[PDB]
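Asker: After the structure tokens below, expect a handful of questions from me.
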Amino acid sequence: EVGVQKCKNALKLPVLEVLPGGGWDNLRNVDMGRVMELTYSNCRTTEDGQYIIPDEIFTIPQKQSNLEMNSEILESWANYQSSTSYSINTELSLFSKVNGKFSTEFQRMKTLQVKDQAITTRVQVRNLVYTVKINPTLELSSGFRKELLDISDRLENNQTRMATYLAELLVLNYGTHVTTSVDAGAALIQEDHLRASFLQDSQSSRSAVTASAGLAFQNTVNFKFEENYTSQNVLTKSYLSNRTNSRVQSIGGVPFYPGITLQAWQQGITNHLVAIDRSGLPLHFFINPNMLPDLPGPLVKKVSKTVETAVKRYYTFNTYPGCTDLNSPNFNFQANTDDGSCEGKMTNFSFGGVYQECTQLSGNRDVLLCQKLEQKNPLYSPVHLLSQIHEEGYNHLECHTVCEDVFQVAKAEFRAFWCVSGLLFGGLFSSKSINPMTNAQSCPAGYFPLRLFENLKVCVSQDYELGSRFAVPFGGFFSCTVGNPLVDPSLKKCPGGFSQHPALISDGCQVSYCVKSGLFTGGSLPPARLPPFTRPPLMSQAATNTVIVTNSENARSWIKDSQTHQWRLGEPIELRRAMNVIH
Amino acid sequence: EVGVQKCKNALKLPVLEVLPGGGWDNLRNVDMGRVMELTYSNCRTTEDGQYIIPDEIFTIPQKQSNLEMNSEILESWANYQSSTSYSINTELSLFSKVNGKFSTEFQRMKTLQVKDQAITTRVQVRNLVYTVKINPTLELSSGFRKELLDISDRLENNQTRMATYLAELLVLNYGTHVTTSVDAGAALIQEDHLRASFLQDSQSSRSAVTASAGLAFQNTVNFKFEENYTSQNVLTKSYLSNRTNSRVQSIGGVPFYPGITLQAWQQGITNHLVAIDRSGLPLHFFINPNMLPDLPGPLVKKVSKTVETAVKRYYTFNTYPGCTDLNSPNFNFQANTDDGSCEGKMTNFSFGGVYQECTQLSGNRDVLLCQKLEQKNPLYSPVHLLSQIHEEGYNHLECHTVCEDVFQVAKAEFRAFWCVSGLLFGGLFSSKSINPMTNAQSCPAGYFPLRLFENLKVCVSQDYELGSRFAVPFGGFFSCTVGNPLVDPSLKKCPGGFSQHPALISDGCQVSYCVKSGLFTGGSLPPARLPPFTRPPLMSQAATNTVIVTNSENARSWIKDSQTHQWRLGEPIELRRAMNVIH
Amino acid sequence: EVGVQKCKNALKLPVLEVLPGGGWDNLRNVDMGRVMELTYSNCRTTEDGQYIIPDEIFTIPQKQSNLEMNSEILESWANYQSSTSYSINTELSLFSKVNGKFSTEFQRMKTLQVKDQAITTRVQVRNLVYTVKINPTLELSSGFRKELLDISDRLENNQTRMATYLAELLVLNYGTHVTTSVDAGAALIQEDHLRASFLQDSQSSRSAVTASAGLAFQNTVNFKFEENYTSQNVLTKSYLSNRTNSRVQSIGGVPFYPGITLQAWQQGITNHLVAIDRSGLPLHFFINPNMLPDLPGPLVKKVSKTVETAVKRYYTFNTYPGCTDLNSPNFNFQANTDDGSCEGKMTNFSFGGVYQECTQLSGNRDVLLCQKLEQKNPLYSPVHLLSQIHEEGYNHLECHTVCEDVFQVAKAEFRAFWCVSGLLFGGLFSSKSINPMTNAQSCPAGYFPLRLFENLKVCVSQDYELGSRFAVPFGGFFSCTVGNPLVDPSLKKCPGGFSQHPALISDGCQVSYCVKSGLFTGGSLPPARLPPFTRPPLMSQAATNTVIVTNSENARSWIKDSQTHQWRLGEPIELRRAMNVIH
Ligand SMILES: *[C@@H]1O[C@H](CO)[C@@H](O[C@@H]2O[C@H](CO)[C@@H](O)[C@H](O)[C@H]2NC(C)=O)[C@H](O)[C@H]1NC(C)=O
Ligand SMILES: *[C@@H]1O[C@H](CO)[C@@H](O[C@@H]2O[C@H](CO)[C@@H](O)[C@H](O)[C@H]2NC(C)=O)[C@H](O)[C@H]1NC(C)=O
Ligand SMILES: *[C@@H]1O[C@H](CO)[C@@H](O[C@@H]2O[C@H](CO)[C@@H](O)[C@H](O)[C@H]2NC(C)=O)[C@H](O)[C@H]1NC(C)=O
Ligand SMILES: *[C@@H]1O[C@H](CO)[C@@H](O[C@@H]2O[C@H](CO)[C@@H](O)[C@H](O)[C@H]2NC(C)=O)[C@H](O)[C@H]1NC(C)=O
Ligand SMILES: *[C@@H]1O[C@H](CO)[C@@H](O[C@@H]2O[C@H](CO)[C@@H](O)[C@H](O)[C@H]2NC(C)=O)[C@H](O)[C@H]1NC(C)=O
Ligand SMILES: *[C@@H]1O[C@H](CO)[C@@H](O[C@@H]2O[C@H](CO)[C@@H](O)[C@H](O)[C@H]2NC(C)=O)[C@H](O)[C@H]1NC(C)=O
């Protein structure tokens with residue numbers, strides 16, 4: 001009787017199913033959450049008189065219908081068009097070469113080009129109908145507003161590392177962007193993968209290749225699967241023979257089956273409309289004093305700085321520099337960002353060994369952390385590489401039968417070294433990784449592991465006749481703070497010929513290691529690594545109540561009242577009586 | 001008149017049958033339970049106006065329809081795609097190489113590749129319709145909330161080993177994950193199994209193999225079973241002759257029969273939609289102070305640590321390291337995880353014998369446990385391998401005719417040894433296993449059993465002329481705490497050439513044994529071993545009432561009131577009057 | 001019961017969907033916002049009796065239908081007709097050569113001509129129906145009026161750099177123009193791309209080329225896709241062979257499919273009408289004392305000067321001077337504006353290095369900005385090029401447990417130099433750009449970066465044997481204030497042979513740099529750079545209340561009352577009593 005169903009009973013019209021305002025993940029092109037609030041109170045319609053739209057939504061009739069007769073050749077996977085999220089992946093940002101490179105449509109296309117030495121062609125029937133946009137005066141959703149107040153409460157009780165944790169659960173549920181405009185329509189695409197040596201002789205007749213690819217697309221749709229085709233004349237005999245893959249997907253409308261008139265596909269697009277393009281803005285753009293009137297001024301500029309840090313950390317991880325030229329050696333298959341590390345010679349290095357010590361600062365009673373946090377050399381110059389503090393909580397139970405239990409914490413800082421007539425290297429495996437020497441979390445035969453950063457193992461053998469089959473050279477560790485001195489004989493990268501691999505993200509700082517195997521390189525493409533990148537804190541910090549919030553340079557002060565009402569602006573006679581009881 | 005039927009009478013629409021929120025087992029890809037609460041109060045619909053959805057559910061119209069013309073070749077069973085649970089099996093976890101490897105679809109595919117030396121190809125018509133997701137603000141179900149309170153009660157009456165038992169009945173009923181997003185659709189798949197020597201000569205024309213496999217798939221669907229096919233031209237004469245198996249399964253829609261137009265299959269998908277992909281989060285992620293407001297803070301971080309231990313124990317069991325290379329010898333067929341134990345030489349070892357002693361600490365009266373818990377040598381260096389305590393309860397009946405009965409417990413710790421001119425080895429069989437030397441729970445001819453770990457038998461014969469037909473060599477016992485010293489002449493694995501096998505899980509710790517038979521290896525694939533991995537306790541621990549719960553480091557205290565009301569936060573004037581009567 | 005639905009129930013007529021009054025972006029031909037208010041109170045109709053129009057709207061029946069039998073040849077992309085926004089892109093302005101050159105239809109056409117050496121021909125069926133215009137007496141919208149009052153409030157509290165920021169969020173949401181008249185209709189266009197050497201021999205028979213192009217267009221529409229064509233006689237055998245691309249788009253009406261009678265397309269245009277031409281006026285034209293009666297006179301002439309500056313800044317950026325002649329060398333592909341920089345010789349220049357110093361004026365406590373704002377020479381005459389001040393805010397927390405937090409600001413002015421036996425040049429990459437030497441944000445091998453303008457890196461190597469593969473020459477920096485002295489051996493442009501590229505827009509002033517690579521030139525076309533071009537201010541300026549507003553030269557004064565009522569005109573007896581308490 002309220003909301004949609006009140007409008008839907010009076011009008012008896014469908015609701016437009018393609019709406020802006022939701023969140024958007026831009027590494028993996030998926031949408032998530034609902035940032036903006038959508039209400040159906042005035043019973044608005046599209047001025048066709050055909051759909052029902054919310055109140056803060058205006059549509060623009062496009063009624064456009066493209067129809068292409070030539071496929072387009074896109075040879076490299078580095079410059080990637082998306083066909084559904086092209087306007088939002090190509091924004092001007094620092095990470096424009098990482099957007100969209102963890103999606104379903106991209107990971108298939110990179111696989112089919114590398115494993116077959118192939119080039120791809122697509123041809124398309126696109127058919128845009130509306131453009132749906134949001135008004136500039138707009139209200140946040142009920143569930144998204146409550147999660148911004150919780151980050152503000154943790155920042156005003158001096159609880160960092162809990163506000164940081166709640167900011168990374170905001171990226172996980174709402175993405176990195178907000179879509180401000182979509183495009184309702186229905187596409188129909190065919191992608192083929194031709195052998196790359198079929199293009200190189202037909203450099204003059206490249207226009208004859210793509211003319212037959214768009215010719216075969218309209219035989220596939222118009223003719224039923226039995227061969228009544230009109231394309232097999234001259235070069236639709238090697239086009240069929242140099243191709244390595246073919247698929248046809250429809251995105252809106254009715255489902256596609258071979259042999260359906262393009263007349264009949266285009267008459268089922270009504271009431272089956274999806275978003276075939278979209279654009280938007282980053283997520284921290286919508287955190288400003290205009291959208292949040294209840295909080296003070298400089299407090300929402302501190303929440304918006306926390307969310308901006310969590311988004312940029314999510315792009316800093318899931319970024320793999322390496323070599324990208326396919327015909328060159330040292331080709332890294334997991335790398336999504338070029339480095340210039342191609343055509344670079346190598347030089348062998350000898351590492352003496354790794355060792356690890358612990359400190360055991362506070363928790364001397366009832367918990368002994370400083371036995372597994374220590375690792376000594378099985379057999380140069382060591383480097384420190386990390387200063388990491390490990391905290392653990394335990395439980396007493398004082399009984400008196402009534403009892404009580406108290407929870408302490410136990411700190412133990414550890415230090416992990418490596419030496420710059422030497423131990424061999426057999427790979428690494430962690431609690432989120434495997435060793436690709438064995439395709440399993442095990443060192444090979446003869447090798448023995450030893451812990452280095454409290455979560456991963458270091459496959460090492462001291463021999464020179466039996467473990468020489470799995471021995472791969474080593475290039476050096478570095479971190480987010482200290483680069484290795486092996487490059488520039490500093491910078492944070494591998495030397496030439498080597499490739500880096502992530503290992504052991506530890507509280508907003510990952511360390512890396514350089515190898516030269518060729519076996520760590522290949523395999524399947526890695527998935528995206530989702531936030532939170534930190535385990536939850538133990539609530540060890542005490543809450544410090546803040547009552548008055550001020551800034552010095554325009555003489556504005558916000559006084560929180562009793563009862564936790566709200567934040568009102570401080571009149572200059574009440575803050576005069578509130579600072580004496582404070583100071 | 002309430003719930004679904006109120007909405008269903010007014011709207012007269014079907015309910016969408018593919019919903020998130022339920023649990024999910026990730027070793028065996030099955031779903032179980034219902035973790036989240038789903039209510040039908042606002043009578044929401046999908047904005048098509050076609051289905052009825054719950055209140056805390058938003059759908060995303062995809063309306064996509066893939067159609068592939070080439071089969072895909074996947075040669076090894078180690079890297080396994082699932083076609084229905086691919087997004088959730090490939091999560092970043094420690095056990096990513098164990099997910100999905102106890103399901104129906106996997107165990108068939110591993111069988112057909114090993115027993116035939118075959119490779120598999122699949123081709124597919126996929127047709128995704130909606131994407132159904134859950135809101136981030138969400139309530140737990142009524143039945144799942146009551147089972148989390150019962151684990152908290154056992155932890156606050158100092159009843160460990162009963163809270164551990166109730167946590168493993170939570171994994172049995174609700175799985176290891178919670179699905180947060182599903183994909184409603186309908187697939188149509190054909191899998192074939194070609195001989196592996198048919199690929200190796202057609203390395204150049206591998207693109208001609210897969211083009212005919214996708215050609216035969218559309219003759220099978222479009223043509224009725226009588227041969228009107230258009231594929232038998234050149235190489236659809238050995239493709240039919242090198243294949244070893246073929247099946248066609250449909251997953252949604254109407255049932256498949258040979259000869260049905262793809263037009264007609266795609267018009268029955270409405271109202272017959274199933275989940276063709278899903279993704280989710282682990283089960284202990286949803287146990288936090290946000291979801292459970294009634295319990296104290298550090299108490300639900302102790303329940304969530306108990307459930308995380310029970311899930312990781314369920315992946316630690318059902319994990320079989322071994323050799324995986326098929327053409328290599330020492331191939332273990334039951335192994336689902338590689339080890340590097342391939343291409344390893346063997347060395348014979350002589351074991352003197354096993355013997356077992358008991359202690360009989362407490363139950364000296366009316367129960368004699370220390371006669372069957374003892375086993376002496378029928379005929380080096382012994383090792384202890386286990387310190388296990390065995391508890392049994394009995395019953396007095398004091399009569400006075402009125403009577404009364406009291407229940408005691410009887411403890412008897414046992415120790416089980418083995419010796420590091422020697423007894424022969426004929427296999428083992430237990431109360432959950434058989435001896436594969438006989439395919440039965442019996443020692444072979446000449447062999448006599450003797451107990452070792454109070455539940456299994458040790459087939460042993462002292463002869464050298466008659467029991468030499470069933471004698472297999474022996475590689476050594478180890479446990480979850482002590483590895484054997486026979487490897488690295490320590491580590492917890494077999495030496496080279498040998499294979500390990502589970503035996504006698506005893507209270508969260510299994511022991512293993514290394515053999516070299518080739519007969520223990522083969523057979524059928526083992527099923528998953530389901531929790532609980534411990535028999536129920538005898539309630540021997542006394543309940544210790546806890547009233548006040550505090551943590552030291554933010555000065556918060558929770559005071560339980562009388563009557564077992566609930567846990568309220570302790571004001572600093574009531575805990576002042578509650579600690580004096582306590583301490 | 002009000003608005004549209006009251007008129008729509010009584011009349012039972014559709015609403016005309018093509019209306020003026022909305023905003024319009026003129027670089028990218030898209031429409032956005034709604035500047036004018038549209039009300040449906042009198043229930044007016046089009047005097048056909050066919051549509052429903054708003055009250056302040058008059059339509060003109062055209063009922064015209066063009067039909068062309070010859071394609072038109074447009075060879076160069078510099079003079080670009082738009083076919084949907086031709087009347088509004090060709091206005092008399094300073095930036096008439098930049099209008100429409102960031103749209104979807106233009107960027108495709110520039111790509112297909114450069115990459116193929118092609119010329120384009122279009123043929124069209126146009127069919128104009130109405131002309132819809134706005135009355136001269138007209139009211140602003142509710143949402144656009146509220147955003148003009150907010151710019152006026154920031155200008156009367158002496159808050160510049162916040163009123164400048166709110167003016168650039170007005171261009172982002174409402175564009176650069178307002179459409180005052182549209183044209184409802186439905187076009188049907190075919191564009192082809194012929195090889196440019198096919199025109200040059202048929203200079204006499206250019207009329208035979210375009211006669212067959214309009215002949216093939218009516219075989220495509222009238223005949224179904226099977227070849228029943230009547231065009232293949234003499235020169236529809238090389239016209240089919242010299243063409244490189246072909247598409248057919250419809251803009252209004254029903255969707256196009258090959259084989260539909262032109263009879264049948266022209267009977268579906270009713271109720272499917274879109275804007276096929278439009279014209280309008282700039283956005284600051286509609287900010288005058290007539291439209292805003294509440295504000296004073298000289299105050300709305302100050303708001304309208306602020307918005308005019310933000311629009312002209314948006315055209316000053318997104319303007320790329322360079323070479324445009326395609327067959328000439330030094331061809332810049334990203335350039336949209338000619339320069340005369342073609343056919344110009346080059347001269348090598350040696351730059352010693354770049355260095356950077358900081359000042360740290362105010363924020364000496366708790367924040368050290370003057371360590372990363374400094375960069376020293378790794379190894380002439382330096383020039384200053386910029387004087388930029390960097391402000392950052394921090395947070396104290398004075399505790400007393402009650403606490404309070406104060407927000408300061410920290411200023412640190414920096415200076416960035418470059419020298420007019422020399423460092424090599426390897427490219428630049430920034431926080432909104434990449435290095436095109438690597439197609440990634442990385443310096444090549446041997447090169448090391450060093451910061452220059454607090455956001456970008458300068459790829460530099462001091463060697464002469466290894467980094468000679470990626471070394472490109474350098475032409476000099478300049479800015480919006482200082483041109484380089486290398487041209488005219490001043491002007492703000494490159495010397496001959498070089499090309500400029502944008503880098504580091506910093507608060508309404510960009511700096512540029514001249515290179516000569518040929519690799520920085522190519523690639524994909526850049527998207528439009530959208531406002532705001534400045535990060536939000538930190539509210540450091542104090543609000544200065546203004547009460548009376550006067551101008552000297554007609555003796556008019558506006559007195560703001562109490563309560564923030566409004567601005568009334570000052571009677572000469574109240575301002576007499578208001579200036580004494582003021583002065
Ligand atoms: C507010 O939180 C910060 C962050 O932890 C506290 O700063 C640290 O406090 C510890 C405790 O003495 C010191 O050992 C560290 O050196 C401090 N680090 C920094 C960067 O200041 C701070 O003390 C807290 N303030 C209050 C009043 O609790
Ligand atoms: C893949 O493409 C190449 C073209 O580069 C094909 O090679 C030609 O095939 C035709 C077929 O009759 C021959 O007449 C030519 O002599 C071949 N060579 C050249 C240089 O054109 C090749 O056949 C294609 N692959 C398959 C399997 O057909
Ligand atoms: C709470 O339960 C624990 C777990 O059993 C008890 O700890 C054991 O108690 C027995 C009985 O004296 C001792 O022999 C063990 O050595 C204890 N083990 C550990 C690890 O502490 C504990 O005593 C119980 N507390 C109360 C008050 O009943
Ligand atoms: C299994 O595949 C092999 C191909 O590796 C088939 O062997 C070929 O069969 C054709 C059939 O006429 C012969 O002409 C070839 O000479 C055979 N050998 C090779 C190397 O191509 C084999 O026939 C297939 N199995 C069955 C049962 O047909
Ligand atoms: C009104 O705003 C202007 C703009 O900032 C102020 O002018 C500057 O004020 C600072 C502060 O003393 C001076 O250092 C600058 O030299 C001034 N610049 C110019 C161009 O005047 C102005 O002072 C403000 N007026 C009031 C009353 O606050
Ligand atoms: C592209 O256009 C040129 C015309 O400039 C074509 O060249 C002529 O092709 C015809 C076809 O039989 C020949 O008779 C002429 O001798 C060719 N030359 C001239 C100067 O007219 C060329 O063939 C076209 N391209 C394609 C692929 O057909």
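Each chain in the structure tokens gets a letter, A, B and so on, in the order shown; residues start at 1 in every chain, and ligands are counted from 1 in the order they appear.
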Residues within 10 Å of ligand 3, counting only C-alpha atoms and all ligand atoms: report them as a list in words.
Answerer: residues 397, 398, 399, 400, 401, 402, 403 and 404 of chain A; 155, 156, 157, 158, 159, 160, 161, 541, 542, 543, 544 and 545 of chain B
Asker: Could you turn the residues from that selection into a file that holds N, CA, C and O atoms, as a CSV table (one decimal), in the first residue's frame?
Answerer:
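part.csv, written as the output of this step:
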chain,number,residue,atom,x,y,z
A,397,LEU,N,41.5,-17.1,35.1
A,397,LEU,CA,40.2,-17.5,35.6
A,397,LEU,C,40.4,-17.5,37.2
A,397,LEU,O,40.7,-18.6,37.7
A,398,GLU,N,40.1,-16.4,37.8
A,398,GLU,CA,40.3,-16.4,39.3
A,398,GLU,C,39.0,-16.8,39.9
A,398,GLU,O,38.0,-16.2,39.8
A,399,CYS,N,39.0,-18.0,40.6
A,399,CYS,CA,37.9,-18.5,41.3
A,399,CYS,C,38.0,-18.3,42.8
A,399,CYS,O,39.0,-18.0,43.4
A,400,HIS,N,36.8,-18.4,43.4
A,400,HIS,CA,36.6,-17.8,44.8
A,400,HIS,C,35.9,-18.7,45.7
A,400,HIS,O,34.8,-18.5,46.2
A,401,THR,N,30.4,-22.0,44.0
A,401,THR,CA,31.7,-21.5,43.4
A,401,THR,C,31.5,-20.5,42.4
A,401,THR,O,31.0,-20.7,41.3
A,402,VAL,N,31.8,-19.2,42.7
A,402,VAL,CA,31.8,-18.1,41.8
A,402,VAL,C,33.2,-17.8,41.3
A,402,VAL,O,34.2,-18.0,42.0
A,403,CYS,N,33.3,-17.3,40.1
A,403,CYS,CA,34.6,-17.1,39.5
A,403,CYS,C,34.5,-15.8,38.6
A,403,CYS,O,33.4,-15.2,38.5
A,404,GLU,N,35.7,-15.4,38.1
A,404,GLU,CA,35.8,-14.3,37.2
A,404,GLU,C,36.9,-14.5,36.3
A,404,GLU,O,37.9,-15.2,36.7
B,155,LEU,N,30.9,-22.7,27.4
B,155,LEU,CA,32.2,-22.1,27.6
B,155,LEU,C,32.2,-21.3,28.9
B,155,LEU,O,33.3,-21.0,29.4
B,156,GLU,N,31.1,-20.9,29.5
B,156,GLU,CA,31.0,-20.1,30.7
B,156,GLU,C,30.7,-20.9,31.9
B,156,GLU,O,30.6,-20.3,33.0
B,157,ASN,N,30.5,-22.2,31.8
B,157,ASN,CA,30.5,-23.1,32.9
B,157,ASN,C,31.7,-24.0,33.0
B,157,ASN,O,31.7,-25.0,33.7
B,158,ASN,N,32.8,-23.5,32.4
B,158,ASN,CA,34.1,-24.2,32.3
B,158,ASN,C,33.9,-25.7,31.7
B,158,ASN,O,34.5,-26.6,32.2
B,159,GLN,N,33.0,-25.8,30.7
B,159,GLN,CA,32.8,-27.1,30.2
B,159,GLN,C,33.4,-27.1,28.7
B,159,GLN,O,32.7,-26.9,27.8
B,160,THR,N,34.7,-27.2,28.7
B,160,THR,CA,35.4,-27.6,27.5
B,160,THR,C,35.1,-29.1,27.2
B,160,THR,O,34.7,-29.8,28.2
B,161,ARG,N,35.3,-29.5,26.0
B,161,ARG,CA,35.1,-30.9,25.5
B,161,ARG,C,33.6,-31.2,25.3
B,161,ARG,O,33.2,-32.2,24.7
B,541,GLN,N,32.7,-33.0,34.2
B,541,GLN,CA,33.2,-31.7,34.7
B,541,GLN,C,32.0,-31.0,35.4
B,541,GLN,O,30.9,-31.0,34.9
B,542,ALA,N,32.3,-30.4,36.5
B,542,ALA,CA,31.3,-29.7,37.3
B,542,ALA,C,31.1,-28.3,36.7
B,542,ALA,O,32.1,-27.6,36.3
B,543,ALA,N,29.9,-27.8,36.8
B,543,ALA,CA,29.5,-26.5,36.2
B,543,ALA,C,30.0,-25.4,37.2
B,543,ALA,O,29.6,-25.4,38.4
B,544,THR,N,30.7,-24.4,36.7
B,544,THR,CA,31.2,-23.3,37.5
B,544,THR,C,30.5,-22.0,37.0
B,544,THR,O,30.7,-21.6,35.9
B,545,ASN,N,29.7,-21.5,37.9
B,545,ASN,CA,28.8,-20.3,37.6
B,545,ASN,C,29.7,-19.1,37.4
B,545,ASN,O,30.4,-18.7,38.3
Asker: At a cut-off of 8 Å, using only C-alpha atoms, what residues contact region 327-331 of chain B? Leave out same-chain residues fewer than 3 positions from it and give the result as a count of residues only.
Answerer: 8
Asker: Within 8 Å of residue 107 (chain C), counting only C-alpha atoms, which residues qualify if same-chain residues fewer than 5 places away don't, as an MDAnalysis selection string?
Answerer: chainID C and resid 101:102 525
Asker: Going by DSSP on the backbone, which residues of region 158-386 of chain B come out as alpha helix (DSSP H)? List them as a ChimeraX atom specification.
Answerer: /B:163-174,197-201,206-222,262-265,297-316
Asker: Write as a PDB file with C-alpha atoms, in the first residue's frame the residues around ligand 4, taking 7 Å as the cut-off and counting only C-alpha atoms and all ligand atoms.
Answerer:
ATOM      1  CA  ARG B 195      41.794 -41.156 -25.240  1.00  0.00           C
ATOM      2  CA  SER B 197      46.900 -40.494 -27.280  1.00  0.00           C
ATOM      3  CA  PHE B 198      44.395 -38.876 -29.655  1.00  0.00           C
ATOM      4  CA  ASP B 201      49.355 -36.445 -32.617  1.00  0.00           C
ATOM      5  CA  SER B 238      38.074 -41.285 -35.130  1.00  0.00           C
ATOM      6  CA  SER B 241      36.345 -44.065 -32.043  1.00  0.00           C
ATOM      7  CA  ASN B 242      38.838 -42.565 -29.583  1.00  0.00           C
TER       8      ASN B 242
END
Asker: Using DSSP assignments from the backbone, pull out every residue in region 211-357 of chain C that falls under strand (DSSP E) and give it to me as an NGL selection string.
Answerer: :C and (243-250 or 274-282 or 321-322 or 337-338 or 354-357)
Asker: Taking C-alpha atoms for each residue, export the selection above as a short mmCIF file (atom, residue, chain, number, x, y, z; two decimals), in the first residue's frame.
Answerer:
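As written to disk, out_12.cif reads:
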data_model
loop_
_atom_site.label_atom_id
_atom_site.label_comp_id
_atom_site.auth_asym_id
_atom_site.auth_seq_id
_atom_site.Cartn_x
_atom_site.Cartn_y
_atom_site.Cartn_z
CA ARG C 243 35.70 0.22 -48.42
CA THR C 244 37.13 -0.31 -44.96
CA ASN C 245 34.08 0.00 -42.67
CA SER C 246 30.29 0.29 -42.75
CA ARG C 247 27.54 0.83 -40.19
CA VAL C 248 23.84 1.70 -40.25
CA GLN C 249 22.29 3.48 -37.28
CA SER C 250 18.73 4.63 -36.70
CA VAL C 274 13.95 12.06 -30.32
CA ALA C 275 15.90 15.26 -30.78
CA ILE C 276 17.65 15.24 -34.16
CA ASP C 277 18.86 18.86 -33.90
CA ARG C 278 19.09 21.49 -31.19
CA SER C 279 20.37 24.98 -30.44
CA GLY C 280 20.90 27.05 -27.35
CA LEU C 281 22.71 29.71 -25.33
CA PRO C 282 25.57 29.66 -22.78
CA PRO C 321 47.70 22.13 -29.91
CA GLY C 322 49.91 20.21 -32.28
CA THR C 337 43.81 21.97 -32.59
CA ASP C 338 46.34 22.91 -35.25
CA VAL C 354 65.87 19.24 -12.14
CA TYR C 355 65.94 20.14 -8.45
CA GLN C 356 63.37 21.18 -5.88
CA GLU C 357 63.46 23.04 -2.58
#
Asker: With a distance cut-off of 9 Å and only C-alpha atoms, select the neighbouring residues of residue 230 (chain C), excluding the residue or stretch itself and same-chain residues fewer than 3 positions from it, and output the selection as a PDB file with N, CA and C atoms, in the first residue's frame.
Answerer:
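Contents of out.pdb, as written:
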ATOM      1  N   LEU C 215      22.760   4.258 -53.703  1.00  0.00           N
ATOM      2  CA  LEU C 215      22.050   3.131 -54.290  1.00  0.00           C
ATOM      3  C   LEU C 215      22.170   1.893 -53.416  1.00  0.00           C
ATOM      4  N   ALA C 216      23.338   1.693 -52.806  1.00  0.00           N
ATOM      5  CA  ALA C 216      23.541   0.553 -51.925  1.00  0.00           C
ATOM      6  C   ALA C 216      22.797   0.721 -50.610  1.00  0.00           C
ATOM      7  N   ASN C 219      19.224  -0.589 -51.283  1.00  0.00           N
ATOM      8  CA  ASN C 219      19.172  -2.042 -51.363  1.00  0.00           C
ATOM      9  C   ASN C 219      19.277  -2.662 -49.979  1.00  0.00           C
ATOM     10  N   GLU C 227      21.101 -11.831 -51.180  1.00  0.00           N
ATOM     11  CA  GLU C 227      21.484 -10.915 -52.252  1.00  0.00           C
ATOM     12  C   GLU C 227      20.443 -10.960 -53.369  1.00  0.00           C
ATOM     13  N   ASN C 233      26.719  -3.663 -60.916  1.00  0.00           N
ATOM     14  CA  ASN C 233      26.831  -3.595 -62.366  1.00  0.00           C
ATOM     15  C   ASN C 233      28.254  -3.343 -62.852  1.00  0.00           C
TER      16      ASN C 233
END
